[PDB]
Amino acid sequence: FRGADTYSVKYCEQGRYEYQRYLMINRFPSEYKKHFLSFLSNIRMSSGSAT
Amino acid sequence: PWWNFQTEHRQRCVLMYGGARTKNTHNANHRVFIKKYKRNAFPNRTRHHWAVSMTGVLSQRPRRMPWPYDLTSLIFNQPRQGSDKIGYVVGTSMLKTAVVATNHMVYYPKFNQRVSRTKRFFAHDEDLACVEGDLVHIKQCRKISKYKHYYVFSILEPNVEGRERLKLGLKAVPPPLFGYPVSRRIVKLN
Amino acid sequence: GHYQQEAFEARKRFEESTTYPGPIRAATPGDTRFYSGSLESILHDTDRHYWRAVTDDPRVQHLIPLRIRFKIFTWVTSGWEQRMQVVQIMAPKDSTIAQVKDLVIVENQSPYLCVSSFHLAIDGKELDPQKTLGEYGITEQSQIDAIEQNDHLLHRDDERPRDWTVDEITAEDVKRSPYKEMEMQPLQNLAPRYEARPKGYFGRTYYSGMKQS
Amino acid sequence: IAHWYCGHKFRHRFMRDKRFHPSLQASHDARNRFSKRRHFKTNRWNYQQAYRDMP
Amino acid sequence: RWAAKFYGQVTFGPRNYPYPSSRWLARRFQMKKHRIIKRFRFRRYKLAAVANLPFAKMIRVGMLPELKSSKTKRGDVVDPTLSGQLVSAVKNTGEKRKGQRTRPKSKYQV
Amino acid sequence: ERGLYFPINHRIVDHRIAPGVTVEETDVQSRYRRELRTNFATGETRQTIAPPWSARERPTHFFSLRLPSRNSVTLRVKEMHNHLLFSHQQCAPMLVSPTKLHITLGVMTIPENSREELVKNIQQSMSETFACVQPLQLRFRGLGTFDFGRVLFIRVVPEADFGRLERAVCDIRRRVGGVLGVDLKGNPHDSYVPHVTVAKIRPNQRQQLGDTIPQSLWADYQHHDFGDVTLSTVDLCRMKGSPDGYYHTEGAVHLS
Amino acid sequence: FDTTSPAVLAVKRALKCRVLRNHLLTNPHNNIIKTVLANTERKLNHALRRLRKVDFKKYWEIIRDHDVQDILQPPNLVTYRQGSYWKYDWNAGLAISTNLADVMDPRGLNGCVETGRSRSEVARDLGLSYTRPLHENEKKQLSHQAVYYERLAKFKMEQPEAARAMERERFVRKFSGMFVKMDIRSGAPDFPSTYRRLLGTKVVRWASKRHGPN
RNA sequence: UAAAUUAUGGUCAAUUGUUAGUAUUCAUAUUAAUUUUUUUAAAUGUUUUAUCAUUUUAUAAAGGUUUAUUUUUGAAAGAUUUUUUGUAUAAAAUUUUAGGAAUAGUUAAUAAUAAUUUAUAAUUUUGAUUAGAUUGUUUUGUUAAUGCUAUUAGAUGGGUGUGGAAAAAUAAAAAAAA
Ligand SMILES: [Mg+2]
Ligand SMILES: [Mg+2]
Ligand SMILES: [Mg+2]
Ligand SMILES: [Mg+2]
Ligand SMILES: [Mg+2]
Ligand SMILES: [Mg+2]
Ligand SMILES: [Mg+2]
Ligand SMILES: [Mg+2]
Ligand SMILES: [Mg+2]
């Protein structure tokens, strides 16, 4: 039985996004430069008149 | 429906309620080996194939799978697996090139235990610090030459004995006494 | 544009500072030759392959990467095309234009460029072989052309090379010069096989800045 | 154990599995696991003066 | 030792049988060993292993055209220099030279 | 046919050229590995760089470790001179006489008015800094270039008592430039690169000699080993070349 | 009362070893003592290799006094190439024991984490040079390479026709040949490796799929 | 080095052969399969266009690969009046044969070098290269269960190199500019 009565009650006691844990993701220095640039030029404009 | 018996089947086109839609691959085929060669003459010097050969990789019993958790991932946070390696410098015959022996890990889930294997890398040291028998930190990088993707990031332990040994004009390390094994008997006297 | 004078003025004010301690080279990193990606990318010398949020002190540039333009005649299958090839040196800041000619001659790897004497010029005006880049205000951004001996004869049919499409190539000239190297007579692997652009590529009128129809 | 792998007997399968066993793997101490005996007594009559550059 | 101590598995008895082999089994295998060895003797087998050659592959000298026992079967093909040297070895093995150590002799060695 | 189809050393993108240019308009050709040729190969070394205002004025005095008599260094540099002069005798004016060989620990500008206050005060601070330091055994091998290949020197390897030097120097650096404001051509919070200057091209010389020392001369001695020396003697020197035949010495300290 | 310390151990085992050696020289077969000599030699090997990471000068003068360098020689090329000879002082726990600061100023041994630049880079920037003493190989290779551009400048100044000949050949070569443009296929650093499936039939240039570590 | 309770919580592990003195997973069992059955596939002509041309239409032929296969936006999506950017081709792990030996347009530095640049080079017994078999790292069957036992198929070099990308010579079942 896969129904709702099979799981415990405690799944619905939870606040949102509290299952998340702190994620340390590092990456190459080169890739930081690439990514920061990308986000910058995306913040300026993502699309031509469409922004 | 894989959970229904041979006789219980009605339609083969759909799952009525839920579950996994499963194709049966026929595992027992009685596959056989064809023998095309005489036991005397087999057309290979080092190895002979007389039976059905097990195939695949990771489909291979007993399963040997990549183990991310070892010393290297213990110390480092790697952006990509194998982006950092700690090893020893073995030989420098090539300018601005340090060969490095490194250990990594394999897991056998059948026996629940790990093995350490070893692998050589070419690392790029500009400025030629590394003396044979250094403990070095090594990183993934730009493609440099045909075989060098790694560069020497830091010397953890230098070889002080080896350096002083060089300063005196001697080789860093004595050259190994015997080379690779042979199947012959070399009679060389005096 | 705005960048050039913003950074020029910035440098010039930086030099007039009475009080400055000088930079700490442990805090002023160099550049890396080691970064992800297969290609090796050459950047500006103010720029780095990593992320550096802080603006570094303006430095005078002791090696100025000049670009010098030439006209080549590129063989394409239909006939000859006249196009542009840049040669890029690094010429020391205070160098003399004679020395720039010399550096340019050494750096070109194409057999078809430096055959005769050439004169450097900017917007059609010749430069003194005698004086400095400083005087002529030559920077990276400045547009420098190069003019060969016979180039003012190119409007004729002589100096301009002759394509085997419309012209006889004879045993006289089969053994001489780009014709010889080219191997006009087709081989099985087709010889050096040059780029080709067809006849109707630009229409009946060739390429232009101005729309002619 | 499927009967087609390795020899016609069963025990041939487990004899080639000992080649993959984790605690049996080749290292600086245990070497030449698969042919020990071709390399045996190979250098007996090979006389090599050991390497000394230091007095 | 080079040759085989046993032929086939001579210790097969039930577990904890408190001897390496029973009398019965050991007698069977003694029979088989006997037959093989007798075959080696009468056919006049000779093997050789030469230095700077693959060792596991042994030149069978008893099949060499000069030393071959049969008048019929095609013997074997071995290098002319090497085969001359093998013939000389087999020949000068035969008799005891004084000062040399006494080594066992037989009819079938020739 | 004898290697990779596209040799890896030849794959180069120039990002200091505008985007789209190389695809359509024109192609740019350059020998790109003269520039990429590194700091180990060229033999350059990055010295503490002066702020512009300090860069304007000539240096007057410098700190030096005085080389003793009977050096491995002096001997081998003499041997090197012999070899160089036999190869190319155009070097002759470039070379520094073996009599003037000394280790340069830092350079400084002293104005001529405050001269005595500064020399006394410096000398004193120097004596306090080096009070505890016993003699220094340092190793010399390798050559390097300052000021765009105009200055050619012998490197001091950080393999030995060098470590101590670095603290020692960085102390006087924080006294002479930190405490009493004096012009050290760099920042007092930065360490100077110690060196033995071998060949040099001065401003006047530059016309007849050329703008850079050709690397063809010293290429072979680039990594040559000049040996070890123990040093007990620190000087503060003003640069006058005719007073004693050695740099005129305004102050001295003995390491013992 | 020191016994168990490395220097002491190494010396006593060195002596024991010499004794047993000359003993075997006299009376040839006692294989008991051959075995004891071999075991002693092994424990000596341990003691010495721990010494050079404890204090190396004493290690040196022991080797020079008793003339044992023959048991410090790595046994065979195979296990050496895998770096299990250097792996010993890892197991002994002396690998990090150096205490640099007396030797080898640590400032240029480390790489920059945020910058990504190697140790040779931060050494470059601090104006320091770590370089191992070079043999004549590396010296004459480097001193041959340093001069390429001067030789070239002299060549293309003084002798333009020869140059233009060579250039003709190169330029025209670029249009002939196997691949004219760089794509994943052409720009594969290891061609025979990534396409092994071509090696017997189509591609005849290479007879083996592996020429390097990988 | 002490127990515990405010009491079944956090959602099911559960094993079925009638043998023949004894030792050893081995004939006859169930489940899963092949033996075994025509209730799911399918036919040729792709299509516009400015006319002998030029626009649109990019991975099912075979060969047998185990240190092996890796990539962009310049096409379309796509929106403004014109010059518009940077990031990519690289790697790490997992790799088969009962009885085992050497491999090779070859490593690394130089550089848009060198069919004769420089060097004490590179791969291998921690199992190489040839050679056999084999379509690689979410798919199955059995089972209470660490196991054992399956998984197709699809990327096969270059030679006027077009195209954003070679994936480009029957074999759809992808609506392809009203
Ligand atoms: Mg008997
Ligand atoms: Mg007797
Ligand atoms: Mg590769
Ligand atoms: Mg093949
Ligand atoms: Mg296909
Ligand atoms: Mg194969
Ligand atoms: Mg891999
Ligand atoms: Mg790869
Ligand atoms: Mg073809």
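Residues numbered from 1 in each chain as written, not as in the entry; some residues may be left out. Chains lettered and ligands numbered in written order. Part of a larger assembly, values for the part shown. Heavy atoms only, no water.

Structure determination for this entry is recorded as cryo-EM, at 3.27 Å resolution.

The PDB entry lists chain G under the name uS15m, from Trypanosoma brucei brucei. As deposited in the PDB, this entry carries the title "Cryo-EM structure of the Trypanosoma brucei mitochondrial ribosome - This entry contains the body of the small mitoribosomal subunit in complex with mt-IF-3".

Identification of chain B as uS17m from Trypanosoma brucei brucei is taken from the PDB entry. For chain B, the Sequence similarities (unreviewed entry) comment in UniProt is given as "Belongs to the universal ribosomal protein uS17 family." (UniProt positions renumbered as here; feature names shortened; annotations may be inferred.)

Below, the discussion takes up the overall build of chain B. In terms of helices and strands, chain B carries two helices and six strands. When the elements of chain B are put in sequence order from the N terminus, they spell out β-α-β-β-β-β-β-α. The C-alpha atoms of chain B give a radius of gyration of 27 Å, which is well past the 16 Å a tight globule of 190 residues would have. With the C-alpha coordinates of chain B rotated into their principal frame, the extents come out at 85 × 55 × 35 Å. Per-residue burial for chain B yields a buried fraction of 42% across its 190 residues. In chain B, the share of contacts with a sequence separation of at least 24, taken over all contacts with a separation of at least 6, comes to 44%. Of the roughly 11700 Å² that chain B leaves accessible, carbon and sulfur atoms contribute 54%. Side-chain charges in chain B split into 34 positive and 11 negative, and the spacing between the mean points of these groups amounts to 21 Å. (Helix = DSSP H or I, 4+ residues; strand = E, 2+ residues; numbered from the N terminus. Rg over C-alpha atoms; globule rule 2.2 N^0.38 Å. Buried < 20%, exposed > 50% of the residue type's maximum accessible area, 1.4 Å probe, protein only. Contact = heavy atoms within 4.5 Å. Areas by Shrake-Rupley, 256 points an atom, 1.4 Å probe, with all protein chains shown as cover. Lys, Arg positive; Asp, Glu negative; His and termini not counted. Charge placed at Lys NZ, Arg CZ, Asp CG, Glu CD.)

Turning our attention to the packing of helix α2 (residues 160-167) of chain B against helix α3 (residues 56-66) of chain G. The geometry of α2 of chain B relative to α3 of chain G is characterised by a closest axis approach of 10 Å and an angle of 55 degrees between their N-to-C directions. Classified by the angle their axes make, α2 of chain B and α3 of chain G are oblique. Two packed elements cross with a definite hand, and for α2 of chain B against α3 of chain G that hand is right-handed. In this structure, α2 of chain B contributes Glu161, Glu164 and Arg165 of chain B to the contact, and α3 of chain G contributes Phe56, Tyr59 and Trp60 of chain G. (Axes fitted to C-alpha atoms, helices over the stretch in contact; angles between N-to-C directions. Parallel < 35°, antiparallel > 145°, perpendicular 65-115°, else oblique. Left-handed = near helix turned anticlockwise from the far one by under 90°.)

With that settled, consider the pattern of salt bridges. Counting across every chain of the model gives 63 salt bridges over all chains. Across the pair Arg142 of chain B and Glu40 of chain C runs a salt bridge, and its minimum N-O distance is 3.2 Å. Pair noted here: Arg142 of chain B is in strand β5 (residues 135-145) and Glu40 of chain C is in strand β1 (residues 40-42), and the two residues belong to different chains. By relative accessible area, which is 5% here, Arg142 of chain B ends up buried. The partner of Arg124 of chain G in a salt bridge is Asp125 of chain G, and the shortest N-O contact between them spans 3.0 Å. Given a relative accessible area of 23%, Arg124 of chain G falls into the partly exposed group. (Salt bridge = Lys/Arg side-chain N within 4 Å of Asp/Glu carboxyl O.)

Here the focus is the packing of aromatic side chains. In this description, an aromatic ring pair is defined by two values, namely the gap between the centres and the angle between the planes. Applying the stated criterion across every chain, the model contains 39 aromatic pairs over all chains. Seen from their ring centres, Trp4 of chain D and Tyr5 of chain D are 6.4 Å apart, and the 70 degrees between their planes marks the pair as edge-to-face. Here the aromatic rings of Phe62 of chain F and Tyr247 of chain F are separated by 5.8 Å at their centres, their planes lie at 85 degrees, and the arrangement is edge-to-face. One end of the pair, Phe62 of chain F, is in strand β3 (residues 61-65); the other, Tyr247 of chain F, is in the loop between β10 (233-238) and β11 (249-254), with 185 residues separating them in the sequence. Through pairs of rings, three or more aromatic residues link up here, namely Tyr5 of chain F together with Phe179, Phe191, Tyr195 and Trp206 of chain G. Against the face of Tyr179 of chain C rests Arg162 of chain C, its NZ or CZ located 5.5 Å from the ring centre. (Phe/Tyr/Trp six-rings, centres within 6.5 Å; stacked < 30°, edge-to-face > 60°. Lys NZ or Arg CZ within 6 Å of the ring centre and 35° of its normal.)

This part takes up the protein's contact with RNA strand H. Every one of the 166 residues lining RNA strand H counts as a neighbour, but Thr25, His48 and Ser183 of chain B, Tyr5 of chain D together with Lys209 of chain G are closest to it. At the protein interface, 65% of the atoms of RNA strand H within 4 Å belong to sugar or phosphate. Separating a base oxygen of RNA strand H from a side-chain N or O atom of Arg19 of chain D is a distance of 2.6 Å. A breakdown of the residues in the surface near RNA strand H according to their chemical character gives 56 nonpolar, 59 polar and 51 charged. (Near = heavy atom within 4 Å. Polar contact = N/O pair within 3.5 Å; in protein donor to acceptor, adjacent residues only side chain to side chain. Nonpolar A, V, L, I, M, F, W, Y, C, P; charged D, E, K, R; others polar.)

Another point: α3 of chain G. For α3 of chain G, the complete set of buried residues consists of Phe56, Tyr59, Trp60, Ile62 and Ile63 of chain G. Seen from one end, α3 of chain G has its buried residues packed into an arc of 165 degrees, which puts them on one side. Exposed residues lying more than 90 degrees from the buried face of α3 of chain G are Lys57 and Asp65 of chain G. Those residues of α3 of chain G that are buried lie in contact with α2 of chain B together with α1 (6-26) and α2 (31-54) of chain G. For α3 of chain G, the capping residue at the N-terminal end is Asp55 of chain G, with a side-chain oxygen 3.4 Å from the backbone nitrogen of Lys57 of chain G. Downstream of α3 of chain G by one or two residues, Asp67 of chain G has phi in the positive range, about 50 degrees. (Arc of directions from axis to C-beta.)

Turning our eyes to something else, we now look at the arrangement of the chains. Among the 13 pairs of chains in contact, the pair with the most contacts is chains B and G. No part of chain A reaches chain F; the closest C-alpha pair between them is 14 Å apart. When C-alpha atoms are compared, chain D and chain F, though not in contact, are closest at a spacing of 21 Å.

So, about the interface of chain F and chain B. If you look at the interface, chain F gives eight residues, while chain B gives 11 residues. Summed over both sides, the interface between chain F and chain B buries roughly 780 Å², with carbon and sulfur atoms accounting for 52% of that surface. When residues of chain F are sorted by the area they lose upon contact with chain B, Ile8, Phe40 and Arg139 of chain F head the list and together hold 59% of the total. If you look at where chain F meets chain B, you find three salt bridges. With its nearest N and O atoms 3.2 Å apart, the salt bridge here joins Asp228 of chain F to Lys167 of chain B. Of the residues belonging to the side of chain F that touches chain B, the class tally is two nonpolar, two polar and four charged. (Buried area = accessible area lost by both parts, 1.4 Å probe.)

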